[PDB]
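Written below as structure tokens is the structure these notes are about.
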Amino acid sequence: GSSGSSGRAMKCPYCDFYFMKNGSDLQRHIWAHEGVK
Ligand SMILES: [Zn+2]
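This is the structure:
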């Protein structure tokens, strides 16, 4: 890790997908993992 630590986004609980720190826009991606419309 030579570079400088910066930008620590959140990691999806289902898959290894990163999204905005905290936002209701992510949850959507979650419900999708299950089978929501
Ligand atoms: Zn995911």
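Just so we're aligned: the sequence shown equals residues 1 to 37 in the deposited numbering. Every residue, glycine too, gets a C-beta built ideally from N, C-alpha and C.
Quick check: what's the CA-CA separation for residue i versus residue j?
i	j	result
residue 11	residue 36	20 Å
residue 8	residue 29	19 Å
residue 18	residue 27	12 Å
residue 23	residue 2	30 Å
residue 73	residue 14	Lying before the first or after the last residue shown, residue 73 is absent from the chain, which here runs from 1 to 37.
Going by DSSP, which residues form a beta bridge with residue i?
i	result
residue 14	According to DSSP, residue 14 bridges with nothing at all.
Span of the alpha helix (DSSP H) holding residue i?
i	result
residue 24	24-34
TODO: Any chance you could list the residues with Cβ under 5 Å from a heavy atom of ligand 1, keeping chain order?
DONE: Going by the Cβ distance cut-off, the answer is 12, 14, 15 and 17.
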